[PDB]
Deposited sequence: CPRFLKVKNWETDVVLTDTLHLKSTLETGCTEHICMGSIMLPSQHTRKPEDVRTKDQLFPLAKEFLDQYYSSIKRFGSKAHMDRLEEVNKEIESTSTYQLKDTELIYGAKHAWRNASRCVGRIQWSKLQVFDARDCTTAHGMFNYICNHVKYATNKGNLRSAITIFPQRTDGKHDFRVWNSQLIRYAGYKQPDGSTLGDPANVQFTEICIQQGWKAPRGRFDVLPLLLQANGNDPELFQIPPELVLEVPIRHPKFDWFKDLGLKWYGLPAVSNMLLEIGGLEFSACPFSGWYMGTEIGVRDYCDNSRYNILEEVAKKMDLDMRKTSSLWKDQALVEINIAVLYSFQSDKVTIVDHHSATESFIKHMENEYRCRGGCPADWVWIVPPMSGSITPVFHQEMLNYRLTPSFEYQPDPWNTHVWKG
């Protein structure tokens, strides 16, 4: 079966054969589409086919499919599975695996960079302090004084599901959120529940608007422990505007390193529940969602007042007007401080090219339109006009429950 997708701005039509290799399910059926839905222990029984499928891919990519090296490896893994009920990836397979999980992440607009990924192997890690050290080295490496480099650190895989390694933070670097008695919120409202856990676990919160959260790290299924990332490793950027000099007085800043720490990496049926990764920001992640979402810092009003916009009628488009200036401020500040950042035009144009390339060389590129299209100025970026097919390939990054809902506390 072949499937065609069309760009309605250019008439470019592409054909997808890659989707045939999709094993996992979408959430959709023939009768219902769940394309806008946010969220729609393993036996030796099912593991070897998963291993084999992965190893077949890997050996295909290195042009050694069917080789003695390939056959010996399948044999080796098989034996290790029945002998030990799991198996260990080689370094080469781990690296390939991580790169491909990124490559397959249909919700990531940054995938043109997929092949340049620094993979840190932390599978020898045994304790939380061990985890802290690895994470520090990641932040410092990835930050690179503002010249950001993509990186992932991979802690040991799941065994019985009772010995999981987990980073409890959703991102390595994030600001604290504090619910006040008057019901208002100080800092980032998205982080209120997690900030509370930290305080309870002993964190002394400065109780400000931009407090870098501590790391809460769980190793080997034990209770998580707290660590403060050395401030000198946390690159931040004060936000100012190129024309509005009152903008700096809003007291806004953000961190330079966007690093996701709550996902699960699946490779060959192995489950890596602690696999923090980082790239660099598309400006709208900060300027639109982080600053302007009603349920985040929500600075649209304050910025609008200061701009002297007509805020009496929505049809003045005061919100839209302020939104643009804020996103200009973000891009300006980051570029001025020589911290890597990409605007949503540059990023989406690059993704289209990436995508077209992926159709030629690979037969497809799974992509989630709902997430690929930027949260402002959608139709004046080329991805809006691009039909996309969403499906799930492995290796992949998956969601997993927040560990505070699942953890069995030792005490």
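Requested in this report: Quickly check which stretches of the deposited sequence aren't in the model, judged by C-alpha, and list them in order.
Outcome: Counting from residue 1, the stretches without coordinates are 1-2, 43-51.
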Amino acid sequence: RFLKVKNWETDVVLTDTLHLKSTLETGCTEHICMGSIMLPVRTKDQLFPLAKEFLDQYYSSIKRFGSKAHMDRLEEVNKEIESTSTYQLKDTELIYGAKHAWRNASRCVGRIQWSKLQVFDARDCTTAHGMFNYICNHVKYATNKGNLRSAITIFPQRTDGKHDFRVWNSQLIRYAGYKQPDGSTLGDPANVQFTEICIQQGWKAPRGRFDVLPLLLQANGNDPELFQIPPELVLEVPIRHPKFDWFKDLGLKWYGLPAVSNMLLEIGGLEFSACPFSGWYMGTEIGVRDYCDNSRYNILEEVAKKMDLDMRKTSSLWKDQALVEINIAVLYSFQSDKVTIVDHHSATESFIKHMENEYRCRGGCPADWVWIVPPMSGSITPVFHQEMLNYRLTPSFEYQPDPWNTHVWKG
From here on, numbers count along this sequence of modelled residues.
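Heads up, when I say rigid core I mean the largest set of C-alphas that superpose within 1.5 Å between the two forms.
Requested in this report: Quick one: core-superposed, which stretch strays further from the shown model in 5 other deposited structures of this protein, 180-188 or 320-328? Go by RMS C-alpha distance.
Outcome: Farther from the shown form on average in 5 other deposited structures of this protein: 180-188.
Query raised in the report: Looking at C-alpha RMS in 5 other deposited structures of this protein with the core superposed, is it 87-95 or 161-169 that drifts more?
Result: The more displaced stretch in 5 other deposited structures of this protein turns out to be 161-169.
Report task. Between 327-335 and 258-266, name whichever shows the higher mean Cα B factor according to the PDB entry. Result -> Between 327-335 and 258-266, it is 327-335.
Report task. Would you tell me which stretch averages the higher CA B-factor in the PDB entry, 285-293 or 195-203? Result -> Comparing 285-293 with 195-203, the higher mean C-alpha B-factor belongs to 195-203.
Query raised in the report: Of the options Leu148, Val109, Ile135, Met311, which has the highest CA B factor as deposited?
Result: Highest CA B-factor of the listed options: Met311.
Query - Residue with maximal Cα B-factor (values as given in the PDB entry) among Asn104, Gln180, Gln88, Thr159 - result: That would be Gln180.
Query raised in the report: Looking at the C-alpha B-factor of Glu25, is it in the lowest, middle or highest third of its chain?
Result: Its C-alpha B-factor, which the entry lists for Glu25, ranks in the highest third among residues of this chain.
**Report entry** CA B-factor placement of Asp343, once the chain's modelled residues are sorted into thirds
**Finding:** For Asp343, whose C-alpha B-factor we compare with every modelled residue in the chain, the answer is the lowest third.
Requested in this report: Taking the values exactly as deposited, rank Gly279 by C-alpha B-factor within its chain and report the matching third: lowest, middle or highest.
Outcome: CA B-factor rank for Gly279: middle third.
Query raised in the report: By its CA B factor, does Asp56 count among the lowest, middle or highest third of the modelled residues in the chain?
Result: It belongs to the middle third of the chain when residues are ordered by C-alpha B-factor.
**Report entry** Third assignment of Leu389 from its chain's C-alpha B-factors
**Finding:** It falls in the middle third of the chain.
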